[PDB]
């Protein structure tokens, strides 16, 4: 029974790290990437926390667990992942692992503790269950101030980017690191196998860091991508609507967007420091050499691509792609360019730990890819499936199928679907849904989507077959 450590981050993009030729020097994450298996084409299940984390920890899609929206936020109907869904936490406990959890959970008050973990520290540790959804009255008021031409301290906009007072040592991130260190120190003194999860709120917006991280990337030198700040042409209406109050970006100057980037980059630099602190502790405690590690982001984050901020009900690569490194100390490092999914994390843990199966596995173990490289998937279609059933109480039913060359997005709450040619239009600027030159590609993607919905027993296949009847 191997020791396992998961380092989970909130809205951490695939592309920022120096090992991906990104703009932030991340030597600790780069070292882990170089020692482990790089999943460079990893895709989340949903660009939203609770659905992505339920999928990650249960290995099933939201229509199977019922966890298909964020919990505890205006105006979601959901409060918690059912206690019948024990997840990898309870499964590991059942075969004698000591499981520990630190930080962001967002699957219901006390959840890790109710499933047998030591919930050492985090927002949800001492909360009562069935609480009222958090309703963003303060964010609403502050975005109205931004629209009225007000700014916060030092001309910042604290619903978007913020200099935190103090130092790294004062941060939530440092507290989570300190609890992670305690978790590792305690594990080293136990005869029981260890499964530890350290889950950081960073780099979730508003993009916030203390000095020196707040000023380490000059906003004036940020390279903005080809899809930055464009008017969306022939995109679905759900990309227009102000779902969360900060999604009104009408007041954002180019300077504001550049600062959103420079603060995000500072947050990634601070995350790199946090990862180094935990890896150094694992080494000092004699756990590192045999430690099976996953580093993953729950989804990405929009920094003004398509004039969007944060996240919402859509399928753009900046949100859909996630960073993923899986380090198995028994394997030679490899780079995997086959697409993989958040649904593949639970089966990988299941194979590592010989977890009992508690039900379906909607994904596949990544061990074959970690052992053999891309050739493990010889003869298989290179696809990923993404869902966006709900955004905080709004129903969308979104499904996307992504190949290396194309993406098809079904928006069943709209009349407008999306079709992107990722080979010629990797920035997803041009919706080709109405372009007859793409009839063969759309037909193929519709067939692949129907097959996936059938495989996972998604009840929206009935509606899909109506909407796409011309292509079946």
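Residue numbers count along the first chain shown, from 1.
Asks: For the higher mean C-alpha B factor in the entry, choose 92-100 or 187-195.
Replies: Per the deposited B-factors, the answer is 187-195.
Asks: If you average the CA temperature factors over each stretch, which comes out higher, 155-163 or 104-112?
Replies: Per the PDB record, 155-163.
Asks: Among 414, 68, 434, 418, single out the one with the highest C-alpha B factor in the record, please.
Replies: It is 434.
Asks: Say you rank 252, 268, 326, 400 by Cα B-factor from the PDB entry; which sits at the top?
Replies: Highest C-alpha B-factor among the listed residues goes to 252.
Asks: Among the modelled residues of its chain, does the C-alpha B-factor of residue 74 lie in the lowest, middle or highest third?
Replies: According to the entry, residue 74 has a C-alpha B-factor in the chain's lowest third.
Asks: Report the third (lowest, middle or highest) to which the CA temperature factor of residue 462 belongs, ranking only the modelled residues of the same chain.
Replies: Middle third of the chain for residue 462's C-alpha B-factor.
Asks: Ranking every modelled residue in this chain by its Cα temperature factor as given in the entry, which third contains residue 455?
Replies: Its C-alpha B-factor, which the entry lists for residue 455, ranks in the lowest third among residues of this chain.
Asks: With respect to C-alpha B-factor, does residue 29 fall in the lowest, middle or highest third of the chain as deposited?
Replies: Highest third, going by the recorded CA B-factors of the chain.
Asks: Ranked by Cα temperature factor within the chain, is residue 211 in the lowest third, the middle third or the highest third?
Replies: Middle third - that is where residue 211 ends up once the chain's C-alpha B-factors are sorted.
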